[PDB]
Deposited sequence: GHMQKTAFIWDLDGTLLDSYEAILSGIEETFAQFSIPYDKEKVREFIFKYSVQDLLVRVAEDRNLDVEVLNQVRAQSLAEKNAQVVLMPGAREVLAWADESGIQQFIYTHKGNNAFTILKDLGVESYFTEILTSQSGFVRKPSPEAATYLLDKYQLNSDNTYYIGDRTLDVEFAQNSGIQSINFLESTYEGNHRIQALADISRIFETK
């Protein structure tokens, strides 16, 4: 509960997703702004519609976006000014070391299943640890 201006970011590469509709629903009512970025095309929107979860993400960037390759802080600096968000209160949801290289560059946080030696990266073991993070100081 409560939840300040906080933002969430997903991908469409493996991270409809048996276990995610929990966290999606929690985050949605919590007034977090979810987003996506992936290399996948304008079909991302259509797949999201198909699966019934399109509205669970404020904006879904795609190959259309044209933004730089990882590390690409460009794409997060967009996401901030889109709705006046805070990098330090945006929590990406990754699986990789690379999912923390760009995080550092942007000055944004990550919630990733492995440590990557960064003061903004939270280790986890399942998607349901996301809700715990905001529930234990």
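Numbering the deposited sequence from 1, one finds a lone region with no C-alpha coordinates, namely 16-86.
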